[PDB]
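So this one's work_23.cif, mmCIF, C-alpha atoms and all ligand atoms:
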```
data_final
#
loop_
_atom_site.label_atom_id
_atom_site.label_comp_id
_atom_site.auth_asym_id
_atom_site.auth_seq_id
_atom_site.Cartn_x
_atom_site.Cartn_y
_atom_site.Cartn_z
CA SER Y 4 -7.48 -11.54 -10.36
CA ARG Y 5 -8.50 -10.26 -6.90
CA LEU Y 6 -9.13 -6.68 -5.77
CA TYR Y 7 -6.97 -5.19 -3.01
CA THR Y 8 -6.37 -1.85 -1.48
CA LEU Y 9 -3.34 -0.07 -0.08
CA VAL Y 10 -3.54 3.25 1.70
CA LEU Y 11 -0.52 5.46 2.46
CA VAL Y 12 -0.98 7.84 5.37
CA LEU Y 13 0.98 10.90 4.35
CA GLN Y 14 1.78 14.10 6.09
CA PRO Y 15 3.96 16.83 4.56
CA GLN Y 16 7.29 15.25 5.78
CA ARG Y 17 6.39 11.84 7.13
CA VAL Y 18 4.35 8.71 6.50
CA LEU Y 19 2.59 6.39 8.96
CA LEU Y 20 3.37 2.85 7.93
CA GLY Y 21 2.28 -0.34 9.61
CA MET Y 22 4.35 -3.31 10.67
CA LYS Y 23 2.38 -6.30 9.42
CA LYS Y 24 2.28 -8.65 12.39
CA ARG Y 25 0.61 -11.67 10.76
CA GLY Y 26 -0.41 -12.83 7.31
CA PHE Y 27 0.78 -11.89 3.85
CA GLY Y 28 3.89 -9.71 4.00
CA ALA Y 29 4.34 -10.29 7.72
CA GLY Y 30 7.46 -8.68 9.13
CA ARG Y 31 7.58 -5.87 6.50
CA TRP Y 32 6.33 -2.31 6.81
CA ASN Y 33 3.43 -1.36 4.58
CA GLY Y 34 0.49 0.91 3.99
CA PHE Y 35 -2.86 -0.18 5.34
CA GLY Y 36 -5.25 -2.22 3.27
CA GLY Y 37 -6.57 -5.65 2.35
CA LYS Y 38 -9.07 -7.56 0.21
CA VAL Y 39 -11.99 -5.68 -1.29
CA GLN Y 40 -15.22 -7.35 -0.18
CA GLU Y 41 -18.34 -8.13 -2.14
CA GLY Y 42 -20.79 -5.30 -1.71
CA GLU Y 43 -18.29 -2.46 -1.11
CA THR Y 44 -16.62 -0.14 -3.57
CA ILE Y 45 -12.78 -0.25 -3.73
CA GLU Y 46 -12.56 3.12 -1.97
CA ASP Y 47 -14.92 2.11 0.88
CA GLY Y 48 -12.82 -1.06 1.25
CA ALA Y 49 -9.72 1.11 1.54
CA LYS Y 50 -11.40 3.27 4.21
CA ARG Y 51 -12.72 0.28 6.14
CA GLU Y 52 -9.26 -1.39 6.14
CA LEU Y 53 -7.49 1.83 7.23
CA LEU Y 54 -9.95 2.19 10.14
CA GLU Y 55 -9.66 -1.48 11.12
CA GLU Y 56 -5.82 -1.61 10.93
CA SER Y 57 -4.86 1.80 12.27
CA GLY Y 58 -7.94 3.27 14.03
CA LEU Y 59 -7.85 6.19 11.60
CA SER Y 60 -10.75 7.73 9.68
CA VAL Y 61 -10.82 9.91 6.57
CA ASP Y 62 -13.28 12.19 4.80
CA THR Y 63 -11.71 11.28 1.44
CA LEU Y 64 -8.80 9.47 -0.17
CA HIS Y 65 -6.68 10.39 -3.19
CA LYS Y 66 -6.44 7.81 -5.93
CA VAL Y 67 -2.64 7.64 -6.51
CA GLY Y 68 -1.72 4.28 -8.05
CA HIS Y 69 -2.69 0.95 -9.50
CA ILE Y 70 -0.40 -2.03 -9.59
CA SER Y 71 -1.01 -5.67 -10.47
CA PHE Y 72 1.13 -8.35 -8.78
CA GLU Y 73 2.01 -11.84 -9.98
CA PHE Y 74 3.97 -14.65 -8.40
CA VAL Y 75 5.86 -17.12 -10.59
CA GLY Y 76 4.02 -20.47 -10.57
CA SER Y 77 0.74 -19.16 -9.17
CA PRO Y 78 -2.08 -18.05 -11.43
CA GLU Y 79 -3.76 -15.75 -8.88
CA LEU Y 80 -3.24 -11.98 -9.69
CA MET Y 81 -3.46 -9.19 -7.06
CA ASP Y 82 -5.08 -6.10 -8.56
CA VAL Y 83 -3.96 -3.41 -6.08
CA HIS Y 84 -5.53 0.07 -5.96
CA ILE Y 85 -3.30 2.46 -4.11
CA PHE Y 86 -4.63 5.46 -2.23
CA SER Y 87 -3.10 8.28 -0.26
CA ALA Y 88 -4.74 9.38 2.98
CA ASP Y 89 -3.54 12.89 3.16
CA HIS Y 90 -5.56 13.76 6.15
CA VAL Y 91 -6.68 11.45 8.86
CA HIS Y 92 -8.87 11.65 11.98
CA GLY Y 93 -8.38 9.87 15.24
CA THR Y 94 -5.37 8.34 16.93
CA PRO Y 95 -3.05 5.80 15.42
CA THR Y 96 -3.77 2.51 17.20
CA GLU Y 97 -2.13 -0.90 17.06
CA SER Y 98 -4.45 -3.64 15.73
CA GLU Y 99 -3.97 -7.40 15.64
CA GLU Y 100 -2.69 -7.10 12.09
CA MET Y 101 -0.72 -3.84 12.16
CA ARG Y 102 1.50 -1.73 14.43
CA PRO Y 103 1.53 1.84 13.14
CA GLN Y 104 4.77 3.84 13.21
CA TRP Y 105 5.79 7.22 11.80
CA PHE Y 106 8.81 7.65 9.49
CA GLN Y 107 10.17 10.91 8.13
CA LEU Y 108 10.07 10.56 4.31
CA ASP Y 109 13.85 10.48 3.83
CA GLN Y 110 14.12 7.70 6.45
CA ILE Y 111 11.73 5.02 5.16
CA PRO Y 112 13.53 1.70 5.59
CA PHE Y 113 12.97 0.41 2.05
CA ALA Y 114 15.00 -2.70 2.92
CA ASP Y 115 12.09 -3.77 5.15
CA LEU Y 116 9.25 -2.93 2.77
CA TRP Y 117 8.03 -5.04 -0.15
CA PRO Y 118 10.77 -4.69 -2.82
CA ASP Y 119 8.42 -2.97 -5.35
CA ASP Y 120 7.83 -0.02 -2.97
CA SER Y 121 11.23 1.54 -3.61
CA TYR Y 122 10.25 1.79 -7.29
CA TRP Y 123 6.91 3.56 -6.92
CA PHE Y 124 7.27 5.46 -3.64
CA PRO Y 125 9.21 8.18 -5.42
CA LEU Y 126 6.31 8.65 -7.87
CA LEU Y 127 3.95 8.80 -4.87
CA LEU Y 128 5.95 11.44 -3.00
CA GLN Y 129 6.18 13.62 -6.14
CA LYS Y 130 2.34 13.32 -6.58
CA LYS Y 131 2.62 11.46 -9.89
CA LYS Y 132 -0.25 9.00 -10.44
CA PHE Y 133 1.14 5.66 -11.63
CA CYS Y 134 0.19 2.38 -13.25
CA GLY Y 135 2.28 -0.79 -12.98
CA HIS Y 136 2.73 -4.55 -13.04
CA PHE Y 137 5.24 -6.51 -10.94
CA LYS Y 138 6.04 -10.21 -11.33
CA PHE Y 139 7.86 -11.79 -8.36
CA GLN Y 140 10.15 -14.80 -8.46
CA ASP Y 141 9.58 -15.11 -4.73
CA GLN Y 142 8.61 -12.71 -1.89
CA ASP Y 143 12.10 -11.12 -1.92
CA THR Y 144 12.80 -11.05 -5.64
CA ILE Y 145 11.31 -9.11 -8.54
CA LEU Y 146 11.69 -11.02 -11.79
CA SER Y 147 9.92 -8.50 -14.03
CA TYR Y 148 8.16 -5.12 -13.88
CA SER Y 149 6.73 -2.17 -15.84
CA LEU Y 150 5.82 1.18 -14.34
CA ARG Y 151 4.50 4.35 -15.98
CA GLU Y 152 2.78 7.62 -15.01
CA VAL Y 153 -0.86 8.30 -15.85
CA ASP Y 154 -2.88 11.52 -15.88
CA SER Y 155 -5.96 9.81 -14.41
CA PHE Y 156 -7.65 6.53 -13.50
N1 LIG D 201 3.36 -1.98 -0.61
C1 LIG D 201 3.02 -3.16 -1.13
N2 LIG D 201 1.83 -3.70 -0.83
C2 LIG D 201 1.46 -4.89 -1.32
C3 LIG D 201 2.26 -5.61 -2.12
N3 LIG D 201 1.62 -6.74 -2.44
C4 LIG D 201 0.42 -6.67 -1.81
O1 LIG D 201 -0.56 -7.60 -1.84
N4 LIG D 201 0.30 -5.53 -1.14
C5 LIG D 201 -0.76 -5.00 -0.26
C6 LIG D 201 -2.24 -5.05 -0.71
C7 LIG D 201 -2.93 -5.18 0.63
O2 LIG D 201 -2.96 -3.93 1.39
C8 LIG D 201 -1.99 -6.18 1.35
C9 LIG D 201 -2.46 -7.62 1.11
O3 LIG D 201 -3.74 -7.76 1.74
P1 LIG D 201 -3.95 -8.70 3.01
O4 LIG D 201 -4.49 -9.99 2.50
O5 LIG D 201 -2.77 -8.69 3.88
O6 LIG D 201 -5.03 -7.81 3.73
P2 LIG D 201 -5.99 -8.28 4.88
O7 LIG D 201 -5.56 -9.60 5.40
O8 LIG D 201 -6.10 -7.09 5.79
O9 LIG D 201 -7.34 -8.51 4.05
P3 LIG D 201 -8.70 -8.46 4.85
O10 LIG D 201 -8.84 -9.92 4.92
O11 LIG D 201 -8.21 -7.75 6.03
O12 LIG D 201 -9.53 -7.73 3.88
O13 LIG D 201 -0.63 -5.96 0.82
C10 LIG D 201 3.47 -5.13 -2.45
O14 LIG D 201 4.24 -5.75 -3.18
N5 LIG D 201 3.86 -3.88 -1.95
CU CU D 202 -5.98 15.61 0.46
CU CU D 203 -10.12 16.87 9.62
#
```
Written as C-alpha cells, how would this file's structure read?
Ligand SMILES: Nc1nc2c([nH]c(=O)n2[C@H]2C[C@H](O)[C@@H](COP(=O)(O)OP(=O)(O)OP(=O)(O)O)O2)c(=O)[nH]1
Ligand SMILES: [Cu+2]
Ligand SMILES: [Cu+2]
Amino acid sequence: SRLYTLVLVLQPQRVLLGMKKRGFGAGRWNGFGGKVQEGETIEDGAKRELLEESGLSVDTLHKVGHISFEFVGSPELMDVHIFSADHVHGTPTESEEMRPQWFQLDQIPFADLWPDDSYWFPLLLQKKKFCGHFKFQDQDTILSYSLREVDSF
C-alpha cells in the first residue's frame, strides 16, 4: 500500500477542481494531491501538493475521507486520505500537472471525474466523513466497492 492525498477546494456553492494534464488520471478533473513523501505527515503532504498544483495555501485542512483503491491484476494499493480545503489563500494558478477551474456544486461534470467520485462526493458535500474501498476492473470501470460514514478518523 502507498499513501496519497486528495484535497477538495470547497467554497459554499462551488469547488475548484483541477484538470490533470499529465500522469495518473490525466484528462479527468480531480482534487489536488499526490504521493505522501518520506519525512512529511499526510496532512503536510496534502498542503504541499495543493500549493504545488494550484498555488493555493491553507492554514488548516479538514479530514473528510479515506478510501483505498485497487486495480484488478496489480497488487499495489493506493491508500488515499481525502481532505477539504475550506478556505484557501492566494490565487489559483495553472501548474504543469493541473489546470484549476471552478464549478458550481450542482454542475460538476461527474462523467469526466474518476468514476468513484460520484459515489462519495455527495457524502463530502453533506459534511459526512466517510471510509471506503474501491476495486477497479480498469480506469473506467468499478468492479467492486464499499462505502460507509464514520464519526472520526
Ligand atoms: N478523486 C479521485 N482521486 C483519486 C482516485 N485515485 C487516485 O489515486 N486519486 C488521487 C490521489 C492523488 O491525489 C492522485 C494520484 O496521485 P499522483 O501520482 O497523480 O500525484 P502526483 O503525481 O502529484 O504525486 P507527486 O509525485 O506529485 O507527489 O489521484 C480516484 O479514483 N478518484
Ligand atoms: Cu474550515
Ligand atoms: Cu484567510
Test item: residues no farther than 10 Å from ligand CU 202 (chain D), counting all atoms listed in the file, as a PyMOL selection string: chain Y and resi 13-14+61-65+87-91
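When all atoms listed in the file are used to compute distances to ligand CU 203 (chain D), the closest of the residues Y:149, Y:72, Y:59, Y:81 turns out to be Y:59.
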Mind running chain Y against ligand LIG 201 (chain D) at 10 Å and telling me each contacting residue's nearest atom pair with the distance in Å (one decimal), counting only C-alpha atoms and all ligand atoms, chain and number ascending, as a Markdown table?
```
| residue | atom | partner | partner_atom | distance |
| --- | --- | --- | --- | --- |
| Y:5 | CA | D:LIG201 | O1 | 9.8 |
| Y:6 | CA | D:LIG201 | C6 | 8.7 |
| Y:7 | CA | D:LIG201 | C6 | 5.3 |
| Y:8 | CA | D:LIG201 | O2 | 4.9 |
| Y:9 | CA | D:LIG201 | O2 | 4.1 |
| Y:10 | CA | D:LIG201 | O2 | 7.2 |
| Y:11 | CA | D:LIG201 | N1 | 8.9 |
| Y:20 | CA | D:LIG201 | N1 | 9.8 |
| Y:23 | CA | D:LIG201 | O5 | 7.9 |
| Y:24 | CA | D:LIG201 | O5 | 9.9 |
| Y:25 | CA | D:LIG201 | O5 | 8.2 |
| Y:26 | CA | D:LIG201 | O5 | 5.9 |
| Y:27 | CA | D:LIG201 | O5 | 4.8 |
| Y:28 | CA | D:LIG201 | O13 | 6.7 |
| Y:29 | CA | D:LIG201 | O5 | 8.2 |
| Y:31 | CA | D:LIG201 | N1 | 9.1 |
| Y:32 | CA | D:LIG201 | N1 | 8.0 |
| Y:33 | CA | D:LIG201 | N1 | 5.2 |
| Y:34 | CA | D:LIG201 | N1 | 6.1 |
| Y:35 | CA | D:LIG201 | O2 | 5.4 |
| Y:36 | CA | D:LIG201 | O2 | 3.4 |
| Y:37 | CA | D:LIG201 | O6 | 3.0 |
| Y:38 | CA | D:LIG201 | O12 | 3.7 |
| Y:39 | CA | D:LIG201 | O12 | 6.1 |
| Y:40 | CA | D:LIG201 | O12 | 7.0 |
| Y:48 | CA | D:LIG201 | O12 | 7.9 |
| Y:49 | CA | D:LIG201 | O2 | 8.4 |
| Y:51 | CA | D:LIG201 | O12 | 8.9 |
| Y:52 | CA | D:LIG201 | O11 | 6.4 |
| Y:53 | CA | D:LIG201 | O8 | 9.1 |
| Y:55 | CA | D:LIG201 | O11 | 8.2 |
| Y:56 | CA | D:LIG201 | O8 | 7.5 |
| Y:70 | CA | D:LIG201 | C10 | 8.7 |
| Y:71 | CA | D:LIG201 | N3 | 8.5 |
| Y:72 | CA | D:LIG201 | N3 | 6.6 |
| Y:73 | CA | D:LIG201 | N3 | 9.1 |
| Y:80 | CA | D:LIG201 | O1 | 9.4 |
| Y:81 | CA | D:LIG201 | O1 | 6.2 |
| Y:82 | CA | D:LIG201 | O1 | 8.2 |
| Y:83 | CA | D:LIG201 | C6 | 5.9 |
| Y:84 | CA | D:LIG201 | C6 | 8.0 |
| Y:85 | CA | D:LIG201 | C6 | 8.3 |
| Y:100 | CA | D:LIG201 | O8 | 7.2 |
| Y:101 | CA | D:LIG201 | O8 | 8.9 |
| Y:116 | CA | D:LIG201 | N1 | 6.9 |
| Y:117 | CA | D:LIG201 | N5 | 4.7 |
| Y:118 | CA | D:LIG201 | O14 | 6.6 |
| Y:119 | CA | D:LIG201 | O14 | 5.5 |
| Y:120 | CA | D:LIG201 | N1 | 5.4 |
| Y:121 | CA | D:LIG201 | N1 | 9.1 |
| Y:123 | CA | D:LIG201 | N1 | 9.1 |
| Y:124 | CA | D:LIG201 | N1 | 8.9 |
| Y:137 | CA | D:LIG201 | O14 | 7.9 |
| Y:138 | CA | D:LIG201 | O14 | 9.5 |
| Y:139 | CA | D:LIG201 | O14 | 8.7 |
| Y:142 | CA | D:LIG201 | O14 | 8.3 |
| Y:143 | CA | D:LIG201 | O14 | 9.6 |
| Y:145 | CA | D:LIG201 | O14 | 9.5 |
```
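Nearest residue to ligand CU 203 (chain D) among Y:103, Y:144, Y:93, Y:41 is Y:93, counting only C-alpha atoms and all ligand atoms.
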Near-residue Y:107 list (8 Å; all atoms listed in the file; drop same-chain fewer than 3 positions) as a ChimeraX atom specification: /Y:16-18,110-111
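Residue nearest residue Y:102, chosen from Y:21, Y:136, Y:153, Y:54 and counting only C-alpha atoms: Y:21.
Among the candidates Y:99, Y:60, Y:76, Y:67, the one nearest to ligand CU 203 (chain D) when counting all atoms listed in the file is Y:60.
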Nearest to ligand CU 203 (chain D) by atom-to-atom distance, counting all atoms listed in the file, from Y:50, Y:105, Y:92, Y:57: Y:92
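Relative to atom CA of residue Y:146, atom CA of residue Y:126 is found at 20.8 Å.
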9 Å contact set for residue Y:132, all atoms listed in the file, chain neighbours under 5 positions out, as a ChimeraX atom specification: /Y:66-69,126-127,151-156
Straight-line distance linking atom CA of residue Y:94 with atom CA of residue Y:46, stated in Å to one decimal: 20.9 Å
Point-to-point distance from atom CA of residue Y:104 to atom CA of residue Y:19, Å rounded to tenths: 5.4 Å
